[PDB]
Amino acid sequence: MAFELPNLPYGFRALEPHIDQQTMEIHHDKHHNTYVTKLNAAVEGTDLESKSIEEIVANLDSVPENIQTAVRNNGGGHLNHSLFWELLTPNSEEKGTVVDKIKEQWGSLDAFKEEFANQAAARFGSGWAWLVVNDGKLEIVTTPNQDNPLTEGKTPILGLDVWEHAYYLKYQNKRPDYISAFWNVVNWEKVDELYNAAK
């Protein structure tokens, strides 16, 4: 069926001890796969079936009424996880075009991490924390559920899943320890690629 579940760029253990193998397997093979399944079921036989997931999520207001929510939720899930897997790496190095821009705007990388971590922690319920480019400038935003900033005309360049499935097996309630661990596995080359592509 139309959309497909992308492979991880790395093995399921790749991100230990920051994110456990069991979570990487369930999160990818089960959670992300379910979004794909339900997205395909929603769009089957529609003009949407053949669009890129980015163009669908960017333009949710153009979706037929009877599948607006299914597409928002499962289309968003598909997009958000596809970005997430590419944004993680076992060989992270905190350097590059966006890291240099973060240091210029926030003053240091720690000051950016603090704001991101605290916005991430403050997202009540399920959702995501993002670094976005909005009209050429960097901003930190959060979204509920599987909503994505593309829908509001902001390009995501880094995202962190703060649904409890993303962290509960290893960290339980300690979302801030998960958030802290995430910095060790950020693919800043991917961030810089997404930043360069931004419209």
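The numbering used is simple: start at 1 and walk along the sequence shown.
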| property | result |
| --- | --- |
| Residue stretch of maximal mean CA temperature factor, 122-130 vs 86-94 | 86-94 |
| 106-114 or 75-83, whichever carries the higher mean Cα B-factor | 106-114 |
| Highest recorded Cα temperature factor - choice among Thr69, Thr143, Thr46, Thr34 | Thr46 |
| Member of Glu139, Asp147, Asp135, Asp161 with the greatest C-alpha B factor (per the PDB record) | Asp135 |
| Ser62 by Cα B-factor - lowest, middle or highest third of the modelled chain | highest |
